[PDB]
């Protein structure tokens, strides 16, 4: 997901502005749906929601717009159990042997013959939560096992939290409502209001350990691999209690990152750290936010946002619709120099020519250079010490950069990587001259629709993930509900699209209509006022009722 909120010090109109670009599946239980909800006098909100939820999850109201992005905080911890050496179904806490609980579930299974059979299955549980096995990493042997405590299992506040967000008036009110209930499970919140405040909150449900416990309780090797793993044989490693937290054992709201600005805040799924580099967010629990190198989408966004020039709605829209492959900025200039140094290598000629021609984008008409670049990058990623300028913590916006071509080993390996990628691409059965939109599509009945964008890991802000399906790349997730909101005097002006269209049913008139628009990158008005709704010549009305 991406989000950008702009305030009064940087917007062209001196008021707030918000770009919401969540990247979520195109099918299933996380498929967004647009709707506008009104209880006259006290609720009037529009945006998009997830299946089955009677609340707006990303949206806007008269003076406020908000969105979310998946955060980097941990929302569970693993506990390494010390098993009782006499019995692997018992584990030790403070030296005392405790039995696992066994909860059995019964499932009905339809067989080859069409009959049902009953399958029973035992779920083992510790005082922390159920046991989990990852063969070869988190095993259950005679010495140890692993249990998992999920902080959102006791978060009964999640629907209430978006009901409350849906009632918020402005950014101060949104912040009070979220800090008060702490019902957000696993996203950041970014918002702007008409008055020109830009807000970032990393306010979600996060296991709490007091600072002195963190180094004491960690399993060092697993934490080094990114797993929030704790010593489960020591009762002192229970999540910490603080009366200010809304739920036992979660982090109180005052200890979670918040930034309130009048220039901008942004996030593309990195930590809170460089939300706005003019005011770095540091000094939080590592369960909450760490200072890690930011990914290419955020580096892209900050490259467009930093500086003194006013930001227009069009500027934010075009950050999405440009489909710029920002990772190419870091590697393509030195890669092309390597191509020029090897004009005699016949095996490289077609890739070098494609890469040279390429518009450095993931547009429908972008040439095969994009595909060569992706396959090259997948190999470049595996090389060691190949960056000319490695990540520098004092230059987090501009590193890593460049290929270290002056090191003879690197030149050799990078050239091999390109030859490998070139052979891989050419071994695929892709028609000569095919462009990116010929390859990447979304199927609708037995038509396809060409879909622009590309993988967020290559720094394409319009992130689209696809999978090979027969002769094509079928879109499975990415840019989904798009909303760009500004606050002119008459009322909120919201523009965008639901990329995969309102309905998942091929019979519906709304199965592919916005997908055609998304293909052409033609965003539309999101009508909110009674005036905007009535001006629609497609307006249909129905009133329904029944007894309770």
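By rigid core we mean the largest C-alpha set that fits within 1.5 Å across both forms. Numbering follows the first chain given and starts at 1.
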Exercise. Between 428 to 436 and 288 to 296, report the one with more C-alpha displacement in 9 other deposited structures of this protein relative to this form after a rigid core superposition.
Key: 428 to 436
Self-check item: Greater Cα displacement in 9 other deposited structures of this protein once the core is superposed, comparing 342 to 350 with 310 to 318
Solution: 342 to 350
Quiz item: On average, which has the higher Cα B-factor in the deposited entry, 103 to 111 or 176 to 184?
Solution: 103 to 111
Exercise. Determine, for stretches 166 to 174 and 303 to 311, which one has the higher mean CA B-factor as deposited.
Key: 303 to 311
Quiz item: Taking the Cα B-factors listed in the entry, which of 464, 132, 116, 325 comes out highest?
Solution: 116
Quiz item: Of the options 456, 88, 390, 232, which has the highest CA B factor as deposited?
Solution: 390
Exercise. Report the third (lowest, middle or highest) to which the CA temperature factor of residue 214 belongs, ranking only the modelled residues of the same chain.
Key: highest
Practice problem: Sorting the chain's modelled residues by C-alpha B-factor, tell me whether residue 525 ends up in the lowest, middle or highest third. | Solution: middle
Quiz item: Where does residue 489 sit by CA temperature factor within its chain: lowest, middle or highest third?
Solution: highest
Self-check item: Entry-reported Cα temperature factor of residue 120, expressed as the chain third it lands in
Solution: middle
Quiz item: Which third of the chain holds residue 474 when residues are ordered by C-alpha B factor: lowest, middle or highest?
Solution: middle
